[PDB]
Structure formats: structure tokens, C-alpha cells
Number of protein chains: 2
Amino acid sequence: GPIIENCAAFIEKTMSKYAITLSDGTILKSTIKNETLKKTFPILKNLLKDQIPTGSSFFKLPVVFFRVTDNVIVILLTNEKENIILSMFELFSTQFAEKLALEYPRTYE
Amino acid sequence: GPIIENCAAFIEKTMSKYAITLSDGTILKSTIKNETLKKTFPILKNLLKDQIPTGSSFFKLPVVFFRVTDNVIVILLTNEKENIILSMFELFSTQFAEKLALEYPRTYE
């Protein structure tokens, strides 16, 4: 929906290679090639167990993951400095995390 | 010039053993000494005779090849996994393929 288009435009201000995915592997938007993105998912699936809590990030350069909400992951391919990337993630979360959390909630019962 | 130096710095962030060559074998940058690098050439020569497409890669780990432009090849000797390697190649091409075409154009005379 509109929230994903707005998220994508925000990232694309500075990053041309990104994806927005759900924690189960569903691709919501991507400028990363499909085959490349598919190959990174096993890394993400294993890291989601105990290495990336909601709100945290993980750097495996050039791949960067940001778990903005329980179910929504931002993926970048980047060689930008860490602090530049984290500043963008912080502003992204401020703008979008509340809407994303209701759009893609996780079942607890 | 600055173009090949920027390419080298990009790869070097995560990989120490690589070469960037023209498709005819002219070395633009290499951290792999010719005594080791030559043992990758039977594979490369075969890929070139098979006219491997630009943008494609070939893995025979630890050796990896990526045809970033029609006439420029990246060679790696690495213990990294395929998924991260493919992401590195994709971002490398995004950042440098157009610049490499201008700096090392195909020679047709």
C-alpha cells in the first residue's frame, strides 16, 4: 500500500540498492536483483532467531539489515559509513515504524 | 586513475585477494601475484570463449569471476560465501559499471 511506497522513496533519497521485506521472506519492494535478494534470506532467517531484535540492525557488508518492526526488515546493499546508515535508519523509524507496526502485525495468540 | 583506485578500495573493504582486468588479460589492478593468478586463466579463457554475458558471474570457489562490463573482469580468490559475493558484485556494478565503460572503453580500431 501507500506506506510501502513512502518507505521506498525515503530510502531511495540516498540508497539506490534496497529492499523492504517481511520476516517470512515476502518481498514488498526491491531494487536489488531477485536472485541476489533470494540468496541473502538464509542469512537473515538465521539472524532473526537471536541476533536481530526488533529495532536493531546487522552489518554484513555490503548487506545491512534493519528490523524496523517485528515483521518488517529493510535490507540495503551499501558501502556508506555506519553512522550515515544508522542516522537514516533512525529517521526512517521515526517516520514509518508506527504505521508499519499496525500494517504488518505479528500474532501473539 | 581515480576510477580504478576507487574500484580497488571498494573491493578491499571486504576482500584482500582480487584482480581487475580487461577481457584480454591486461591487468588494471591486482593483489594476486601472476604466479597464482595464472592458474585461474584456464577457467577464465573458457568463459570468454563461451562469451559469458556481462553482469554474470561464475564460481569455482575459491576462484570467482564477474563480468562487470563487456571488456572488464573482476577475479576473486576468496573464502566468503556466494551470497555476500553476489551482493558485492551487484553493488560494485551499480557504483562503477558506467564509469568503467567511460574509462576503459571497448577498442574497435
Side-chain angles (χ1 to χ4, degrees), chain A residues 8-21 23-49 51-52 57-67 73-86 88-89, chain B residues 2-18 20 29 31 47 52-70 72 74-102:
Chain A
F10 186 97
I11 301 161
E12 219 174 289
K13 290 192 297 183
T14 59
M15 301 280 173
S16 68
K17 282 286 171 175
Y18 65 92
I20 306 164
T21 71
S23 54
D24 66 358
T26 308
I27 301 161
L28 304 172
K29 179 92 183 21
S30 180
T31 61
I32 296 167
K33 291 202 196 290
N34 192 64
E35 301 77 19
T36 312
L37 191 60
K38 244 88 216 197
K39 235 62 91 130
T40 78
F41 287 167
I43 307 297
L44 180 55
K45 191 214 186 287
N46 174 240
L47 298 166
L48 283 172
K49 291 182 208 346
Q51 289 170 264
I52 323 185
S57 65
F58 192 99
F59 289 75
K60 199 171 157 66
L61 287 184
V63 187
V64 185
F65 302 113
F66 171 43
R67 190 176 185 179
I73 324 285
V74 173
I75 307 181
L76 305 182
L77 302 187
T78 185
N79 198 38
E80 189 57 79
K81 303 165 142 250
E82 179 179 286
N83 281 338
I84 296 176
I85 298 160
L86 291 169
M88 191 273 281
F89 285 165
Chain B
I3 297 301
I4 200 68
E5 292 170 350
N6 296 341
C7 288
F10 179 100
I11 298 177
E12 281 172 11
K13 183 70 181 153
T14 67
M15 322 250 160
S16 63
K17 308 182 306 293
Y18 68 95
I20 306 174
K29 171 64 190 184
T31 62
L47 295 173
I52 190 176
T54 297
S56 81
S57 53
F58 184 81
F59 289 72
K60 183 163 183 317
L61 285 162
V63 190
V64 194
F65 304 96
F66 175 59
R67 194 174 199 145
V68 58
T69 71
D70 290 339
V72 177
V74 175
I75 308 172
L76 304 181
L77 287 177
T78 185
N79 65 327
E80 189 47 78
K81 303 312 178 177
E82 186 177 5
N83 76 296
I84 303 299
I85 298 160
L86 287 175
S87 301
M88 192 275 285
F89 289 156
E90 176 146 329
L91 184 62
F92 182 87
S93 184
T94 296
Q95 289 191 15
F96 301 117
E98 286 179 343
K99 288 160 167 199
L100 286 167
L102 295 167

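Excluded from the calculations below are hydrogen atoms, water molecules and symmetry mates; all remaining heavy atoms, backbone and side chain alike, are included. Residue numbers start from 1 in every chain, and the chains themselves are labelled A, B, ... in the order their sequence lines are given, proteins ahead of strands.
- Atom NZ of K39(A) and atom CG of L86(B) lie 6.0 Å apart (nearest 0.5 Å).
- Between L77(A) atom CG and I84(B) atom CD1 the span is 9.0 Å, to the nearest 0.5 Å.
- For the atom pair CG of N83(B) and CG of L44(A), the computed distance is 11.0 Å after rounding to the nearest 0.5 Å.
- Contacts of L37(A) with chain B are absent, with no heavy-atom separation under 4.5 Å from either backbone or side chain.
- Going from atom OG1 of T78(A) over to atom CD of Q95(B) covers 7.5 Å, rounded to the nearest 0.5 Å.
- Looking at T40(A), the atoms closer than 4.5 Å to chain B (heavy atoms on both sides) sit in the backbone and in the side chain alike.
- Looking at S87(B), both its backbone and its side chain come within 4.5 Å of chain A, counting heavy atoms on both sides.
- Using a cut-off of 4.0 Å between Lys/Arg side-chain N and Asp/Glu carboxylate O, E90(B) and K33(A) are scored as not salt-bridged.
- For CD of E98(B), the number of neighbouring non-hydrogen atoms (other residues, nucleotides, ligands) closer than 6.0 Å is 12 at most.
- Within the 4.5 Å cutoff, side-chain heavy atoms of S16(A) are placed close to those of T94(B).
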Show, in sequence, the C-alpha distance, side-chain angles and deciding distance for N79(A) and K13(B), and conclude whether the side-chain contact (heavy atoms from CB on, under 4.5 Å) test is met. CA-CA 9 Å; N79(A) 198 38; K13(B) 183 70 181 153; 3.7 Å; yes
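- Surrounding NZ of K49(A) are more than 12 heavy atoms belonging to other residues, nucleotides or ligands, all under 6.0 Å away.
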